[PDB]
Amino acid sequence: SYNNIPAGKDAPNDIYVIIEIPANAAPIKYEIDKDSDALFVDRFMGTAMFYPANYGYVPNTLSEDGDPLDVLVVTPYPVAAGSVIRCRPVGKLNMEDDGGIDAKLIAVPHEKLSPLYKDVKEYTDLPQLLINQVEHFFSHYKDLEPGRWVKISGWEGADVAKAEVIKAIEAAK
């Protein structure tokens, strides 16, 4: 099962993220069910938008909302829902949503998977438009769903993002 996957081979610089929603996918919000490891349709999203990067979570972590830590992973090609990417965090997007505090990390593939991100040490080393697209997506993707909303606080860098991994690993143990 997914719970047999550690949070990382060497956290926080070498972690695993289980993908729930591929980048550039149809507007279906999938979530993995802890009790079955199965991909559930949480909802069909209301706006004409798509997640700008692959979206999932670090196994064996615990965030403030009670679920594993949320991570977006930038990849050269969208990966299959349910697949697992070895990656490295480069930034943290601080937000609050209708349910409470909701920070999410952004990460890039580990060097063993690709050389493309070797020089991406901070989220500011990704394309500025991509960073803006990520923030704009979370700012607006709940606009057509009543009772759902997002407040953006802002971005923090790779040191804070790596800290967040450690926090969530320690919270689960």
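Start at 1 with the first residue shown and count on from there.
Legend: mean Cα B-factor per stretch from the PDB entry, 33-41 versus 66-74; the higher mean is in 33-41.
The PDB entry reports B-factors from which the mean C-alpha value can be compared for 113-121 and 130-138; the larger average falls on 113-121. In the deposited entry, the Cα temperature factor of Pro22 sits in the bottom third of values across the chain's modelled residues. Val150 sits in the lowest third of its chain by CA B factor, as recorded in the PDB entry. The deposited CA B-factor of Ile85 belongs to the lowest third of values across its chain.
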